[PDB]
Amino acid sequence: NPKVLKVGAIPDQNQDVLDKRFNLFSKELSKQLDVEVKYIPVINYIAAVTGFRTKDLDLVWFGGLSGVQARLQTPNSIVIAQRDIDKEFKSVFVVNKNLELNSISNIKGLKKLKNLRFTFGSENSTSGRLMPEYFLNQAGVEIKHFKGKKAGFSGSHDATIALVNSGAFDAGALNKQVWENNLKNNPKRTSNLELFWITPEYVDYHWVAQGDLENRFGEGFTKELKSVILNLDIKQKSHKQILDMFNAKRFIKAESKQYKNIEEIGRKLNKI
């Protein structure tokens, strides 16, 4: 459907949260751009990348890694925007309380996760897999060192929390924002979890648009679209509803050069 602007997103959180966020976003874009806009859910991160490649998704909220993947598979696509926090994003390592493991203060303390049952997020997650594995590796910890010589891949940050909180795994890593989100707001999900370590900063989430939108939507559509997103204003009611769902005060400009470190780490870990 070429007259419909199709919004996608990596499924980094439970679908109820995604539905609310992306449906509201899509409605606001629709009003401001005067085109039909539909949020199209996907089953996993790979599906977001593939949907974008096959031009079944036009505008997608990607993670660092998956956005890089998408843009490598889909030449001449456009980096649109990010949040302030996405310039200085962090992961957390969390542990189940039943371990009585205490927090650490130097990356080398990740050695204490050896011989535990460990879960990452999505195989293609920046904050729940790539960066955690990078830092584990810096500390001499490899996946083979976990219980079973393997790690879990939960597929989402909410799913990681649930797995470690239930005791299906001993420890995991996830999006720091999502963690703090749950700690404060929905603490029944984090009942059995303690903070183990906070990572250094890296770049993460961003919006990516197809590069050929002008042919469907007219001259200047992309600039207008970019403008809509960047001009969302917390002082406005409907805008604030959206922005609060992204846990941000605004969107800001983002560019492709920013993701060089993610791309390089992705190559090193054979995750491109």
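Sequential numbering from 1, following the sequence displayed.
Visitor: Please compare 45-53 with 242-250 and name the stretch with the higher mean C-alpha B-factor in the deposited structure.
Guide: The recorded data point to 242-250.
Visitor: May I ask you to compare 105-113 and 71-79 by their mean CA B factor in the entry and name the higher one?
Guide: Between 71-79 and 105-113, it is 105-113 that shows the higher mean C-alpha B-factor.
Visitor: Compare the CA B factors listed in the entry for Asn124, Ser127, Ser156, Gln177 and report the winner.
Guide: Most elevated C-alpha B-factor of the set, per the entry: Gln177.
Visitor: Rank-wise, by C-alpha B-factor, drop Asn231 into the lowest, middle or highest third of its chain.
Guide: For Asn231, whose C-alpha B-factor we compare with every modelled residue in the chain, the answer is the highest third.
Visitor: By its CA B factor, does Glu28 count among the lowest, middle or highest third of the modelled residues in the chain?
Guide: It belongs to the middle third of the chain when residues are ordered by C-alpha B-factor.
Visitor: Which third of the chain does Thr199 land in by C-alpha B-factor: lowest, middle or highest?
Guide: Tercile = middle for this residue's CA B-factor.
Visitor: Relative to the other modelled residues in the chain, which third contains the C-alpha temperature factor of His206: lowest, middle or highest?
Guide: Answer is lowest: the recorded C-alpha B-factor places it there.
Visitor: Among all modelled residues of this chain, ranked by Cα B factor, put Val35 in the bottom, middle or top third, i.e. lowest, middle or highest.
Guide: It belongs to the highest third of the chain when residues are ordered by C-alpha B-factor.
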